[PDB]
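Beneath this line is the structure, given in structure tokens, with notes to follow.
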Amino acid sequence: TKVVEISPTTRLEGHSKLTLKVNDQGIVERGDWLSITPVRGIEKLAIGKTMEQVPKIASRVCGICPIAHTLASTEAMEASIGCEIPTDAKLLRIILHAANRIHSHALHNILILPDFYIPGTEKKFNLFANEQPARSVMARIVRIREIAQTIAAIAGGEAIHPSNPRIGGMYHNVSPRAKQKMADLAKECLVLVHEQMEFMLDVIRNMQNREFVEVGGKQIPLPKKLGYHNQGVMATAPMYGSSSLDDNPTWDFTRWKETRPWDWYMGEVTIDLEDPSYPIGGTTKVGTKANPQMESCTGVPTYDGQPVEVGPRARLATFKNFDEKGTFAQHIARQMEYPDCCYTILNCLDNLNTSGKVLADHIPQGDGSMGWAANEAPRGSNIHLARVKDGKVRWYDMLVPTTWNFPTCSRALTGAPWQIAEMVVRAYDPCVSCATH
Amino acid sequence: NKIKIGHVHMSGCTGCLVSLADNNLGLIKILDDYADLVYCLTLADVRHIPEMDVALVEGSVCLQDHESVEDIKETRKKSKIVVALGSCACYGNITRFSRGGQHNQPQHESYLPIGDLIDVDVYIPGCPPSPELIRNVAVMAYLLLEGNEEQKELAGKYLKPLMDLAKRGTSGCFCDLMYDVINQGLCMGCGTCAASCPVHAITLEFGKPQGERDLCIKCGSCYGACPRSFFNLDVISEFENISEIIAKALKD
Amino acid sequence: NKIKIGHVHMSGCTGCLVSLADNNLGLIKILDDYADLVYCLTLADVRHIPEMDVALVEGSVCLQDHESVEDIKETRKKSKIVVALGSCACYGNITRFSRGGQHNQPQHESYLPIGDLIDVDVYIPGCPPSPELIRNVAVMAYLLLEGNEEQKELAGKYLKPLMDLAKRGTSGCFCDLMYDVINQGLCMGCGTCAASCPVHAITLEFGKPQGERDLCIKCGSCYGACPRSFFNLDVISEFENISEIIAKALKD
Amino acid sequence: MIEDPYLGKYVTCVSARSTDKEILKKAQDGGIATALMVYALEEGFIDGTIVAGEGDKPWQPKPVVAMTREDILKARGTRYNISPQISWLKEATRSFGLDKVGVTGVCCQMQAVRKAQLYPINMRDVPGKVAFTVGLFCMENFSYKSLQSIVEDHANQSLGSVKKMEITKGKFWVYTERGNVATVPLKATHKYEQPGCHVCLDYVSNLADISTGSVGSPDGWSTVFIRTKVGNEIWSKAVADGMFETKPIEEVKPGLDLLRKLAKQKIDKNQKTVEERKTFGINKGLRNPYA
Amino acid sequence: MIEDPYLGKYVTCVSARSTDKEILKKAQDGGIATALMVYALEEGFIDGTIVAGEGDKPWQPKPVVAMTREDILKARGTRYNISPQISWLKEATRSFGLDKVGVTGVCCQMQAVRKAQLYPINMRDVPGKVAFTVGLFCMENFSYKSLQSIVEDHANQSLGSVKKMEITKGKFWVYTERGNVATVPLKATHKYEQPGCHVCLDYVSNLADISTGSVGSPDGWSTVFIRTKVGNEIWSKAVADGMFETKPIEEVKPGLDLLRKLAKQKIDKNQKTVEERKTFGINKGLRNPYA
Ligand SMILES: Cc1cc2nc3c(=O)[nH]c(=O)nc-3n(C[C@H](O)[C@H](O)[C@H](O)COP(=O)(O)OP(=O)(O)OC[C@H]3O[C@@H](n4cnc5c(N)ncnc54)[C@H](O)[C@@H]3O)c2cc1C
Ligand SMILES: Cc1cc2nc3c(=O)[nH]c(=O)nc-3n(C[C@H](O)[C@H](O)[C@H](O)COP(=O)(O)OP(=O)(O)OC[C@H]3O[C@@H](n4cnc5c(N)ncnc54)[C@H](O)[C@@H]3O)c2cc1C
Ligand code: SF4
Ligand code: SF4
Ligand code: SF4
Ligand code: SF4
Ligand code: SF4
Ligand code: SF4
Ligand code: SF4
Ligand code: SF4
Ligand SMILES: [Fe+3]
């Protein structure tokens, strides 16, 4: 056993590292992927603040998925106080949610493609480069994300940190013109995401037929079971979410418990294996001490006493019994989620009444009861829990998808050549600012 | 010659980077012709901070995180121009409210905008910051370093109010409109602050700003956008020409 | 020789004067032995601002009221030591919220603390300011101008943090505890800010301040009272001796 | 281009009034601001515009995004108190889903728009979606309590009866629906001006695409500056389409000579105020937004 | 008077413990802080005192104004997380109507009281109504989440079972009600310290009337500094009344030599931190409250 460390990780959101024990062949025996993002402490600073402010603060946990936290936080407040929002407010929230999932999955295409090969060649995608096919692909992705952000801005008030959601529904309904504009854009987007999806699935399928990849000049073998783990999955909806107001909620808070990294991470180790050629800048210096239990910045939520995988694959496994697992299965399931986003937007626009009410007539102030809301963020189940009393948050808790995925991905690192541990990581589409909040 | 640009991610949400990317083909145009992205953990595999002409720095600094403090000091050392990108970097924003006590780093208690630890050349305020502003600053930074004298003169005039904001301080709030506009005899009731506020904390009552201070997330946008904070007539009166210049620089 | 003291009433509520008077026989002792009240429209018939050793100035300045602006300029001209008495004079306080529009002077819109118009030597923050603080400042001002060198040295050391506050700025808010204490790594959870807040806007959650910003009336008390704003060990460690000195100066 | 130091940059200046007789019935002057926005909407230069609609109290304006000819016409007539027009500038591009926003307002509001186009600070999508701005001349404005005090006390009129107000020929004029007229000397109104107007160095909405006002033209007519390429395209095409009567401004009394003089008095007086701010205190001064 | 540079100003220093056997049953050490406040209340030196009462979560302190012997005794035992004692300092003189307030707490809380006596900033009536302060020795403190992490993870104990906690001999000690003992090396606890403690230059509550702690005295006994005239009057009279066993501190191991050394390490380490703040940045630093 030797210990190699990659710090920082790259082509994901935010700040983490991989602390890896490897065998004499460089295959991970036990690896820890951990947040080293400072804890801004949103759960504790929320206490005493107003139920209107806390969702707008929680939004600023993450600018890729602020819709997830805005909606999950707002709907946790609504669940605690017992506020039923109007239909047209819900329809606008779903449109906002679906649009953001498009932009997020497409942004993630940008981050993972450099690890992938132009099918049938030994050339990797370089999306910066003004050459084909990369530039044509970048142009499609860029238009996809532009459409997505535009719809999000129209239905949510703002693409990043949406302003329209409020306790009890929305500040604004949209105009007949705005509704036509969103429909026009969704029609254009649906064709584009079908193209991007088929493109990505082909690239992934080419990856599954490869035997090695090139990292830092060297050939790295591709295990058949790359990224396999035995944690199973958790998901609350295929699209939107669930909350404790529902007749039959699809998440069970009696099965959840959160520990410190303590229960699940390695203690102190010393780095004795270093590779200065790891692109670009090498790995952690020999002699460095690391302690994942103490350095990890997240809590570890569990379901039935164990870490779980959340995210697109978790959703398709839970709701369609999708039956492939590991790194390339995760990539596949994410791409498959493209069309539902556009069909959902178009169906929601069809049902939206632009003269309809968007704010509940009565917003109660709460008595301290616990409520919770789950939003199926692009990366998986985002669960916010709250006690609101007299309009103030007395208790707040956030179980964010990448928080769930950190210990699970770690276990999935077993069997990988340490030089492609980052590829295992990127199939989770990590958001480490999310994970840490 | 392309200038060298890095994106440095401190205690931010990456929404500032998303805002840059939301210039769409404008960003690709800039990366094609005017600028090399030498560093960005989100998009590229350069692991350590290299030399930069322009560092776009987002997020604030956790005083109790050693690597973070070293990163922001190293960034100033490595960069000709330091840009506080977005309100967290400029003004602390939601991290003003951080107070520790959360797992798994309950000692991660104190956060300051980057201007309290290093000297900052340029503020780009906003939460989220507007894509167009980030684009204008990138283009003008290039013109300031690779243009003819007529361009470098324009660029210097364009950036001056954003440099003045960096010298003014590291605090942003609804109160800026009281302290420095209404209380100064300068408010004329235009309502711009209300449009810019990302959380709808500002209403106008009889033509005057009314701030919901317990909704305000201290981003500094409203004073920035207010036309009685800075109003540099030499630049803004030439809006048609400066707009045409920026468009031409992005054209295909 | 008694020093000469005036009370100047700008846009204040006179509660600062009431606080002075609430030293009871202490005030009469001071007026008997150490100080002549040369000016105070509330208590005496001197119609115009005379020369003063110490001007206790309460309230802020309405920029659209000509006599008010002349009064505060005349006060600085007429006074050796200018004291911003209370939070309106120090920090604007509730007049930060003024925005015009009320009969019969709808143009009376803009109010600034006095330190934005003249140089201020000494802050006495608080709304209301504590009688004991106003007494201590009067006594120490006398010692600074009529004492032996040992007294003038003590007085100068006592007043230094109140002079530092005057040089720090003209703004007061719950946010001071964020910006300059919690965000600086200095908060240790003592809870003093909560006791000093006059409107109960501060609670402590898990040992850390939580501010109801839409209750806060921007008086600057909490940062003042915080033992991690200024803590001048040379003075405060001698609390027993300095207390005995002040008592003896008020004794009969 | 003319680069006048008091009237701003412009291509031409004419005296004009709308040929739409319905618009003229309630227009303040020539109906230029209504006629241009209606026409821009019908032609597709804008898909909506911010106008000073009717509010919750008599003669109090309420900004609104108008998207029909009818809603635009509801904003005819001068309201001499504050209308925070720019408060709907971003929202017009969000829930309203507009691609081509029009904006009407006074000089400082035109300034706000151009600052947002060039320095968007939490104003995403606004720079590229501003399509057409029409700026009113403005000497000064008032709070609503000021306007109440002027009309009810000094003019002795009930606000519920007022059909039109007009500042001209040294007086504040009040016209009632039943046909009476009252005047107030402007000297009496000065205490009531919004203080932030005293620092304003822009009289004829220098930064608008098209600027329009009353001074320089007879009653029923407007003085119009056509300034930007946007402004010239729309004006040319509207004139060609029969939307306006025009006269070159030099053939009109009092014309551009009176106008340039009042512009000069405004800037001169306010530049002085701007300067006195620097030494307002003892050893210190007040902020200058223009520094 | 002794003017020690690390132990502050004091008249004498003894090793002591209360003769009240009921108090000792749950006291952390010698029962000095409880015994003094109970005695001051019975004798009329105070009519109430601020103590670290029991809170809403196990081992979380809640400050409270205690006005009976029974309520004072509820605050026995060290809670190693933050108790914002000073938050009730003014209120004790308002709705509670006290004339003679007692205050218990650690060094920084003693500091807060004296600052309020000398620089009352919206602390009316407080300077004259503080009657008696008892200060605990304090090396450092923790947030509640820190304490949870230390006890539940590192010591592997349930908080609901803990009877006593103790930092001593290089370890964090946890004693359970059913009789078990667990320890954690203090090196493991350092990441969890409240950051604001790292700037604290006061170990034995220099500014209290009487200071009390554990280091220097055997188990069951306290090291006590009697510092002010208030402190000497109350201590003398309590000793004379039979309230305490004492031993001169020089006849006690480890005694004042160990104590002065730990005090020196604390100030030395924290003075260094205070100094590094000045150059924390590049060309700038962090605030120093002591400057
Ligand atoms: C405070 C104010 C001061 C003015 N001072 C002068 C002056 O000194 N000299 C001069 O020649 N003209 C001045 N004007 C302009 C003049 O009064 C007419 O408004 C202008 O000629 C437009 O008339 P019109 O027939 O073209 O517009 P109309 O067709 O009658 O349409 C009215 C237009 O004015 C806008 N509007 C009405 N009230 C306000 C308001 N409070 N704020 C913002 N927009 C408003 C509406 O949105 C609409 O665009 C002033 C206008 C205002 C609001
Ligand atoms: C964070 C903390 C750190 C300490 N570090 C040291 C040290 O390094 N060396 C040393 O010798 N002693 C230290 N002490 C003091 C020691 O642990 C005992 O508290 C002290 O000896 C008093 O014991 P006693 O028997 O006289 O009090 P008891 O009769 O048991 O009464 C307990 C007293 O302690 C107060 N108290 C209990 N917890 C807190 C709290 N969190 N905050 C404020 N007041 C509290 C109560 O109000 C009460 O006055 C520390 C105490 C605390 C709270
Ligand atoms: S300024 Fe706003 S969008 Fe930018 S890093 Fe901070 S929270 Fe994110
Ligand atoms: S944006 Fe307009 S309304 Fe708001 S403070 Fe500035 S001048 Fe006043
Ligand atoms: S009021 Fe709104 S725009 Fe102004 S600082 Fe607060 S959140 Fe930002
Ligand atoms: S500081 Fe408070 S008490 Fe003093 S004049 Fe102002 S409102 Fe009155
Ligand atoms: S008074 Fe005490 S609790 Fe309040 S900010 Fe200061 S150190 Fe923190
Ligand atoms: S929180 Fe309270 S003490 Fe602090 S400035 Fe506001 S009102 Fe004053
Ligand atoms: S005078 Fe200037 S600041 Fe006042 S309303 Fe008219 S255009 Fe605006
Ligand atoms: S070490 Fe100092 S600041 Fe920390 S709790 Fe103890 S006495 Fe207070
Ligand atoms: Fe969490």
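Here, A, B, ... name the chains of the structure tokens in the order displayed, residue numbers run from 1 inside each chain, and ligands are numbered from 1 in the same displayed order.
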
*Pick out the residues no farther than 7 Å from ligand 5, counting only C-alpha atoms and all ligand atoms, and list them as a count of residues only.*
22

Surroundings of ligand 2 up to 8 Å, based on only C-alpha atoms and all ligand atoms, as a tab-separated table (two decimals) with N, CA, C and O atoms, in the first residue's frame:
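For reference, pocket-v2.tsv as written:
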```tsv
chain	number	residue	atom	x	y	z
E	17	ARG	N	-11.65	25.12	49.11
E	17	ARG	CA	-12.86	24.42	48.72
E	17	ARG	C	-13.96	24.70	49.74
E	17	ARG	O	-13.69	24.88	50.94
E	23	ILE	N	-23.15	21.50	48.07
E	23	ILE	CA	-22.59	22.18	46.91
E	23	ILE	C	-21.53	21.31	46.25
E	23	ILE	O	-21.43	21.26	45.02
E	24	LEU	N	-20.72	20.61	47.06
E	24	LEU	CA	-19.55	19.91	46.51
E	24	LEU	C	-19.96	18.71	45.67
E	24	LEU	O	-19.20	18.30	44.79
E	26	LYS	N	-21.86	18.29	43.20
E	26	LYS	CA	-21.87	18.47	41.77
E	26	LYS	C	-20.97	19.60	41.28
E	26	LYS	O	-20.96	19.87	40.06
E	27	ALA	N	-20.24	20.27	42.17
E	27	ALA	CA	-19.28	21.29	41.76
E	27	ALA	C	-18.22	20.70	40.84
E	27	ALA	O	-17.86	19.53	40.95
E	28	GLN	N	-17.72	21.53	39.92
E	28	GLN	CA	-16.63	21.09	39.06
E	28	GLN	C	-15.36	20.85	39.86
E	28	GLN	O	-14.69	19.82	39.72
E	29	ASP	N	-15.02	21.80	40.73
E	29	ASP	CA	-13.78	21.70	41.47
E	29	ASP	C	-14.06	21.87	42.95
E	29	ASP	O	-14.70	21.00	43.57
E	30	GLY	N	-13.59	22.97	43.52
E	30	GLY	CA	-13.82	23.21	44.93
E	30	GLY	C	-15.18	23.78	45.26
E	30	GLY	O	-15.49	23.96	46.45
E	31	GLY	N	-16.02	24.06	44.25
E	31	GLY	CA	-17.30	24.68	44.54
E	31	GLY	C	-17.21	26.15	44.89
E	31	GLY	O	-18.14	26.69	45.49
E	32	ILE	N	-16.12	26.81	44.49
E	32	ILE	CA	-15.89	28.19	44.88
E	32	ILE	C	-16.90	29.12	44.22
E	32	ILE	O	-17.49	30.00	44.88
E	33	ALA	N	-17.11	28.96	42.91
E	33	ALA	CA	-17.98	29.88	42.19
E	33	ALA	C	-19.42	29.77	42.68
E	33	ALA	O	-20.08	30.80	42.88
E	34	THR	N	-19.91	28.55	42.93
E	34	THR	CA	-21.24	28.41	43.54
E	34	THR	C	-21.24	28.96	44.97
E	34	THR	O	-22.10	29.78	45.32
E	35	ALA	N	-20.29	28.51	45.80
E	35	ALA	CA	-20.29	28.86	47.22
E	35	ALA	C	-20.22	30.37	47.43
E	35	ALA	O	-20.87	30.90	48.34
E	37	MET	N	-21.30	32.76	45.37
E	37	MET	CA	-22.53	33.43	44.95
E	37	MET	C	-23.68	33.14	45.91
E	37	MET	O	-24.44	34.04	46.28
E	50	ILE	N	-25.84	36.37	37.58
E	50	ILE	CA	-25.91	35.72	36.28
E	50	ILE	C	-25.05	34.46	36.33
E	50	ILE	O	-23.85	34.53	36.59
E	51	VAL	N	-25.66	33.31	36.03
E	51	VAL	CA	-24.97	32.04	36.09
E	51	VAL	C	-25.26	31.25	34.82
E	51	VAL	O	-26.21	31.55	34.07
E	52	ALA	N	-24.45	30.23	34.58
E	52	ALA	CA	-24.59	29.40	33.38
E	52	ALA	C	-25.55	28.27	33.72
E	52	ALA	O	-25.14	27.20	34.18
E	53	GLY	N	-26.85	28.52	33.54
E	53	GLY	CA	-27.86	27.55	33.90
E	53	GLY	C	-27.95	26.44	32.87
E	53	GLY	O	-27.22	26.38	31.88
E	61	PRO	N	-25.06	25.35	27.88
E	61	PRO	CA	-25.43	26.28	28.94
E	61	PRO	C	-26.42	27.33	28.44
E	61	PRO	O	-26.44	27.70	27.26
E	63	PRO	N	-27.46	31.18	29.88
E	63	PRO	CA	-27.34	32.21	30.92
E	63	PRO	C	-28.69	32.51	31.54
E	63	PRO	O	-29.72	32.56	30.84
E	72	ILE	N	-28.94	29.13	41.87
E	72	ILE	CA	-27.48	29.22	41.72
E	72	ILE	C	-26.87	27.83	41.60
E	72	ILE	O	-25.97	27.59	40.77
E	73	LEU	N	-27.32	26.90	42.44
E	73	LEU	CA	-26.76	25.55	42.44
E	73	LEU	C	-27.04	24.83	41.12
E	73	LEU	O	-26.27	23.94	40.73
E	75	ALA	N	-26.37	25.77	38.35
E	75	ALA	CA	-25.32	26.11	37.40
E	75	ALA	C	-23.97	25.46	37.72
E	75	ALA	O	-22.97	25.83	37.10
E	76	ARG	N	-23.93	24.53	38.66
E	76	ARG	CA	-22.66	23.86	38.98
E	76	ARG	C	-22.15	23.07	37.78
E	76	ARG	O	-22.92	22.58	36.95
E	77	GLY	N	-20.82	22.95	37.69
E	77	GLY	CA	-20.19	22.16	36.64
E	77	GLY	C	-19.81	22.95	35.41
E	77	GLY	O	-20.51	23.88	35.00
E	78	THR	N	-18.68	22.59	34.80
E	78	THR	CA	-18.16	23.30	33.64
E	78	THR	C	-18.86	22.84	32.37
E	78	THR	O	-18.90	21.64	32.07
E	79	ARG	N	-19.38	23.81	31.61
E	79	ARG	CA	-19.88	23.57	30.27
E	79	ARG	C	-18.83	24.11	29.31
E	79	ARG	O	-18.62	25.33	29.22
E	80	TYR	N	-18.13	23.22	28.61
E	80	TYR	CA	-17.11	23.71	27.68
E	80	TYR	C	-17.71	24.08	26.33
E	80	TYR	O	-17.25	23.60	25.29
E	81	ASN	N	-18.73	24.94	26.32
E	81	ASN	CA	-19.09	25.67	25.11
E	81	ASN	C	-19.63	27.03	25.53
E	81	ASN	O	-19.76	27.31	26.73
E	82	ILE	N	-19.92	27.87	24.54
E	82	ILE	CA	-20.17	29.29	24.78
E	82	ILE	C	-21.46	29.50	25.57
E	82	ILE	O	-22.51	28.94	25.24
E	83	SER	N	-21.39	30.32	26.61
E	83	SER	CA	-22.56	30.77	27.36
E	83	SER	C	-22.52	32.29	27.36
E	83	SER	O	-21.65	32.88	28.01
E	84	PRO	N	-23.40	32.95	26.63
E	84	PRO	CA	-23.33	34.43	26.47
E	84	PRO	C	-23.82	35.18	27.71
E	84	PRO	O	-24.83	35.90	27.68
E	85	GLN	N	-23.05	35.03	28.80
E	85	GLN	CA	-23.47	35.48	30.13
E	85	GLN	C	-23.87	36.94	30.14
E	85	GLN	O	-24.78	37.33	30.88
E	104	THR	N	-20.99	35.77	36.97
E	104	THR	CA	-20.02	34.70	36.86
E	104	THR	C	-19.74	34.48	35.38
E	104	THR	O	-20.61	34.73	34.53
E	105	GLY	N	-18.53	34.03	35.08
E	105	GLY	CA	-18.14	33.80	33.70
E	105	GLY	C	-16.63	33.69	33.56
E	105	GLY	O	-15.88	33.72	34.54
E	106	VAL	N	-16.20	33.55	32.32
E	106	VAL	CA	-14.78	33.38	32.05
E	106	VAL	C	-14.13	34.75	31.83
E	106	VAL	O	-14.79	35.79	31.96
E	109	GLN	N	-15.60	37.54	29.69
E	109	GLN	CA	-16.86	38.03	30.22
E	109	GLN	C	-16.61	38.97	31.39
E	109	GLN	O	-17.31	39.98	31.55
E	134	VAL	N	-17.17	37.01	39.84
E	134	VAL	CA	-16.36	35.82	40.06
E	134	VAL	C	-15.99	35.27	38.69
E	134	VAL	O	-16.88	34.94	37.89
E	136	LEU	N	-13.84	32.60	36.17
E	136	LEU	CA	-13.22	31.29	36.04
E	136	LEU	C	-11.93	31.41	35.23
E	136	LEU	O	-11.83	32.25	34.33
E	137	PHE	N	-10.94	30.57	35.56
E	137	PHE	CA	-9.82	30.39	34.63
E	137	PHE	C	-10.37	29.84	33.31
E	137	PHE	O	-11.36	29.10	33.29
E	138	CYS	N	-9.73	30.19	32.20
E	138	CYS	CA	-10.19	29.68	30.91
E	138	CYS	C	-9.03	29.68	29.93
E	138	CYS	O	-8.48	30.75	29.64
E	139	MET	N	-8.69	28.51	29.39
E	139	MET	CA	-7.66	28.37	28.37
E	139	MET	C	-8.23	28.59	26.99
E	139	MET	O	-7.61	29.26	26.16
E	140	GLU	N	-9.42	28.02	26.72
E	140	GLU	CA	-10.10	28.17	25.44
E	140	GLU	C	-11.51	27.59	25.58
E	140	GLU	O	-11.81	26.85	26.52
E	141	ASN	N	-12.37	27.94	24.60
E	141	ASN	CA	-13.76	27.46	24.56
E	141	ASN	C	-14.09	26.94	23.16
E	141	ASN	O	-13.29	27.04	22.22
E	142	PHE	N	-15.32	26.41	23.02
E	142	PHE	CA	-15.77	25.65	21.87
E	142	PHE	C	-17.21	26.00	21.51
E	142	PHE	O	-18.01	26.34	22.38
E	166	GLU	N	-13.92	17.23	31.75
E	166	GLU	CA	-12.76	17.86	32.36
E	166	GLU	C	-11.60	17.85	31.38
E	166	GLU	O	-11.28	16.80	30.82
E	167	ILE	N	-11.00	19.01	31.17
E	167	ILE	CA	-9.76	19.16	30.42
E	167	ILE	C	-8.63	19.23	31.43
E	167	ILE	O	-8.59	20.16	32.25
E	168	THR	N	-7.73	18.25	31.41
E	168	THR	CA	-6.64	18.22	32.38
E	168	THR	C	-5.64	17.17	31.92
E	168	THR	O	-5.99	16.23	31.20
E	203	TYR	N	-5.70	34.57	31.32
E	203	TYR	CA	-5.91	33.18	31.68
E	203	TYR	C	-6.66	33.02	32.99
E	203	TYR	O	-7.57	32.19	33.06
E	204	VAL	N	-6.31	33.78	34.03
E	204	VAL	CA	-6.90	33.52	35.34
E	204	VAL	C	-7.90	34.61	35.70
E	204	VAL	O	-8.02	34.97	36.88
E	212	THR	N	-11.18	32.06	40.13
E	212	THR	CA	-11.10	30.71	40.64
E	212	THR	C	-10.98	29.73	39.47
E	212	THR	O	-11.54	29.94	38.39
E	213	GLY	N	-10.24	28.66	39.71
E	213	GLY	CA	-10.03	27.64	38.70
E	213	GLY	C	-9.46	26.39	39.33
E	213	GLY	O	-9.45	26.23	40.56
E	214	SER	N	-8.98	25.48	38.48
E	214	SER	CA	-8.54	24.17	38.95
E	214	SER	C	-7.02	24.03	39.01
E	214	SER	O	-6.48	23.52	39.99
E	215	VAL	N	-6.33	24.48	37.94
E	215	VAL	CA	-4.90	24.27	37.82
E	215	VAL	C	-4.17	24.84	39.03
E	215	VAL	O	-4.47	25.94	39.50
E	216	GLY	N	-3.23	24.05	39.55
E	216	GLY	CA	-2.42	24.42	40.69
E	216	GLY	C	-2.86	23.78	41.98
E	216	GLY	O	-2.09	23.74	42.94
E	220	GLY	N	-10.78	18.26	43.56
E	220	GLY	CA	-11.68	18.66	44.62
E	220	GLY	C	-11.39	20.03	45.19
E	220	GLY	O	-12.19	20.54	45.98
E	221	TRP	N	-10.26	20.65	44.81
E	221	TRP	CA	-9.81	21.93	45.33
E	221	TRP	C	-9.65	22.94	44.20
E	221	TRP	O	-9.45	22.58	43.04
E	222	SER	N	-9.74	24.22	44.56
E	222	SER	CA	-9.59	25.29	43.59
E	222	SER	C	-8.43	26.21	43.97
E	222	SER	O	-8.14	26.44	45.15
E	223	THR	N	-7.77	26.75	42.95
E	223	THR	CA	-6.89	27.88	43.13
E	223	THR	C	-7.70	29.16	43.04
E	223	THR	O	-8.43	29.36	42.06
```

_Shell of 8 Å around ligand 6 (only C-alpha atoms and all ligand atoms), written as a list in words_ = residues 11, 12, 13, 14, 15, 16, 17, 19, 58, 59, 60, 85, 86, 87, 88, 89, 90, 92, 93, 94, 125, 126, 127, 128, 129 and 219 of chain C

Saved selection, atoms kept: C-alpha atoms, as a PDB file, in the first residue's frame:
```
ATOM      1  CA  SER C  11     -31.933  67.302  14.603  1.00  0.00           C
ATOM      2  CA  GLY C  12     -32.150  65.358  17.856  1.00  0.00           C
ATOM      3  CA  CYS C  13     -34.862  64.264  20.275  1.00  0.00           C
ATOM      4  CA  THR C  14     -33.408  65.985  23.423  1.00  0.00           C
ATOM      5  CA  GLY C  15     -33.119  62.524  24.999  1.00  0.00           C
ATOM      6  CA  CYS C  16     -29.369  63.061  24.941  1.00  0.00           C
ATOM      7  CA  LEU C  17     -29.840  66.156  27.122  1.00  0.00           C
ATOM      8  CA  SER C  19     -29.504  61.571  29.753  1.00  0.00           C
ATOM      9  CA  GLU C  58     -26.814  66.012  19.778  1.00  0.00           C
ATOM     10  CA  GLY C  59     -28.795  65.095  16.675  1.00  0.00           C
ATOM     11  CA  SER C  60     -27.856  65.054  12.992  1.00  0.00           C
ATOM     12  CA  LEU C  85     -23.353  63.346  21.927  1.00  0.00           C
ATOM     13  CA  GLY C  86     -25.509  60.286  21.212  1.00  0.00           C
ATOM     14  CA  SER C  87     -26.058  58.095  18.164  1.00  0.00           C
ATOM     15  CA  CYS C  88     -27.848  60.652  15.963  1.00  0.00           C
ATOM     16  CA  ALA C  89     -24.841  62.969  16.182  1.00  0.00           C
ATOM     17  CA  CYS C  90     -22.325  60.088  15.860  1.00  0.00           C
ATOM     18  CA  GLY C  92     -27.300  59.389  11.998  1.00  0.00           C
ATOM     19  CA  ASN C  93     -29.403  56.781  13.895  1.00  0.00           C
ATOM     20  CA  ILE C  94     -33.123  57.047  13.002  1.00  0.00           C
ATOM     21  CA  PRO C 125     -22.468  56.696  21.137  1.00  0.00           C
ATOM     22  CA  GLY C 126     -25.768  55.314  22.374  1.00  0.00           C
ATOM     23  CA  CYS C 127     -29.488  55.849  21.919  1.00  0.00           C
ATOM     24  CA  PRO C 128     -30.109  56.798  24.562  1.00  0.00           C
ATOM     25  CA  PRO C 129     -26.499  57.517  25.626  1.00  0.00           C
ATOM     26  CA  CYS C 219     -27.429  53.504  16.562  1.00  0.00           C
TER      27      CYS C 219
END
```

_Using only C-alpha atoms, can you tell me which of E:267, E:155, E:126, E:13 comes closest to chain A?_
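Looking at the shortest contact to chain A, the residue is E:155.
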
*Tell me which of C:65, C:124, C:25, C:143 sits closest to residue C:111, counting only C-alpha atoms.*
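Closest candidate: C:65.
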
*asked:* If we count only C-alpha atoms and set the cut-off at 12 Å, which residues sit around residue B:77, ignoring sequence neighbours fewer than 5 positions away in its own chain? Please answer as a PyMOL selection string.
replied: (chain B and resi 49-55+70-72+82+118-120) or (chain E and resi 281-283)

*Compute the set of chain B residues within 7 Å of chain D, using only C-alpha atoms, and express it as a ChimeraX atom specification.*
/B:125-133,184-192,194-196,206-207,221,224-225,227-232,236-237,239
